[PDB]
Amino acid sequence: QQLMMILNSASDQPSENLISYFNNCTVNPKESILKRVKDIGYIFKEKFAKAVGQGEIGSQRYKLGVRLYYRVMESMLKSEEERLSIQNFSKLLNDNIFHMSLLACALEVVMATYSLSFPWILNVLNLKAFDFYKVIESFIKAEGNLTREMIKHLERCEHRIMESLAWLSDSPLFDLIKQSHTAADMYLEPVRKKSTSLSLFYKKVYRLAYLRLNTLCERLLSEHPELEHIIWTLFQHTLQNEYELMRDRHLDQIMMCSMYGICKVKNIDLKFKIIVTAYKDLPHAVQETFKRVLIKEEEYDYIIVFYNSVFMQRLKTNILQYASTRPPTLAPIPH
């Protein structure tokens, strides 16, 4: 409530100190930014009411998002003023996706505060999950007054993107994989040089996925504490080189298939039900991630089907190496 107070007692328009930043720009963004806000209010209020029904509360919801947005932007620009050139500073304040993403993050903070949850706001504004992800950490770092709970909600939005949404078909993420650390750096990347967006994203994916396997292996593989490290390499080599297997799927599905897979090739019998059972106890686990996965185009099925009919058909050649006289070398633990 400490933040919602300044938002409820603050102005509807950009501050004088923020107007300075606008005045220090080669191309001045003042008019592009506000018209952008005005236009977007309309798509937000329409799509809002068409979800709760009739009575218009959305206008008040949007106006607080707009106040948070202008506040967070000012805070963000104050550090980017030393980091960015005169020309990068202006390329940023004129970049639309950066702005959409920032405003979307403001709007989600209020929506979630007033518990249509994420990822509603992305589709409302037609914003790709991978673009929105680029703003979150710097958004947190730029709003000192976020509640513990608000921070925690945003980090959960970040993690849903990394686990599934950025892997949806049409995600620019795949463009970036084929082509081959702040929000402003990541939005200033030119469309077409090693990409900072993909590299940070992957450094964080690996750290997240591994935290989830490590919990899952301590409970179920106390008898094979050496197997944990062997499983991560299959998981990591999968994500790096066989990335297509995540298209429209969930990080946790590739995890579970790997730990079952290695224990099969090591002649360690542990059936899928014993792990799918252990997986549910994870904080935000949901049973459909293992109850319905993709087998064939526009087809859904149980998880063991995916393991037998999708996972091995690409990776059978790579897995048997794990038991030969020449087993593949183990992957570095993400720091």
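Residue indices: 1-based, along the sequence shown.
Unmodelled residues of the deposited sequence between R192 and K193: 1 to 3. In the deposited entry, the stretch joining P283 to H284 is continuous, with no residue of the deposited sequence left without coordinates.
Per-stretch averaging of Cα B factors for 101-109 and 214-222 places 214-222 on top. Two stretches are in play, 182-190 and 241-249, and the higher mean C-alpha B-factor belongs to 241-249.
When the CA B factors of the chain's modelled residues are split into thirds, the value for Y300 lands in the highest one. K264: CA B factor in the highest third of modelled residues in this chain (values from the PDB entry).
The deposited CA B-factor of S115 belongs to the highest third of values across its chain. Among all modelled residues in this chain, the alpha-carbon of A51 has a temperature factor (C-alpha) in the highest third. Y62 sits in the middle third of its chain by CA B factor, as recorded in the PDB entry.
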